[PDB]
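In this analysis, Cβ positions are derived from the backbone assuming ideal geometry, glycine residues included, and neighbour counts consider all displayed protein chains. Rule-based calculations on the coordinates, nothing more; no lab input.
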Amino acid sequence: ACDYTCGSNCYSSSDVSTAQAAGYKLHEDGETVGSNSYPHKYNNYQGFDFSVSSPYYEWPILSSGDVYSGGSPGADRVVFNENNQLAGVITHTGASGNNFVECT
Ligand SMILES: Nc1ncnc2c1ncn2[C@@H]1O[C@H](CO)[C@@H](O)[C@H]1OP(=O)(O)O
Ligand SMILES: [Ca+2]
């Protein structure tokens, strides 16, 4: 069973923890990877019910289980705040354009 389901992608809590740790470290270091510069600021204009405060940052989570290293970021993202608290797991899959929907 999946702790988070993004479109057809299945993620366990461990996958999420791993991705967040990686993205957070980059953030602390003032570093980014990829053409789209991850991690990058995330604005909650869709009003997702996040239980932690902003600012928020988005970092790609890969279906493969590997940590994002600068290539295709896919559609899924982990969202974390300035304090390294998990805000949520979202995806571009099933949303129009560059918008998002929450993973279930
Ligand atoms: N797989 C994908 N599906 C839809 N939009 C995507 C995407 N990968 C990147 N984007 C969006 O494309 C634009 C330029 O790359 C950004 O708005 C980026 O949003 P993101 O960084 O929030 O994922
Ligand atoms: Ca996995």
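Odds and ends about this structure:
- Rough spin-label spacing in nm, given labels placed 7 Å along Cα→Cβ, for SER96 and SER64: 3.3
- Among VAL79, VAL101, a tally of other beta-carbon atoms within 10 Å of each Cβ gives an order, fewest to most, of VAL101, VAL79.
- Amide proton proximity set for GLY7, modelled H, under 5 Å, gap of 5+: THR104
- The phi torsions of the stretch 86-92, fed into the Karplus equation with coefficients 6.51, -1.76 and 1.60 and a -60° offset, translate into couplings of 6, 8, x, 10, 10, 8, 7 Hz, rounded to whole numbers, with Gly and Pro shown as x.
- Under 5 Å, built H, 5+ apart or other chain: amide partners of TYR42: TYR56, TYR57, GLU58
- In nm, spacing of pseudo-spin labels at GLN85 and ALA1 (7 Å Cα→C-beta vector): 2.7
- Restricting the GluC sites (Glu not before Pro) of the stretch 1-76 to loop positions (DSSP other than H, G, I, E, B) with no more than 11 neighbouring Cβ atoms within 10 Å leaves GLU31.
- Additional length obtainable on full extension of the chain from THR32 to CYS10, 0.36 nm per residue less Cα span: 5.4 nm
- Summarising the overall dimensions of the chain from its C-alpha atoms, the Rg and Dmax are 12.4, 36 angstrom.
- Each residue, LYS25 and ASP49, gets one label point 7 Å from its Cα in the Cβ direction; the gap between the two is 3.4 nm.
- Amide H contacts under 5 Å for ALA87: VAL79, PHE80, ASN81, restricted to partners 5 or more places along the chain or on a different chain, H placed in the peptide plane at 1.01 Å from N.
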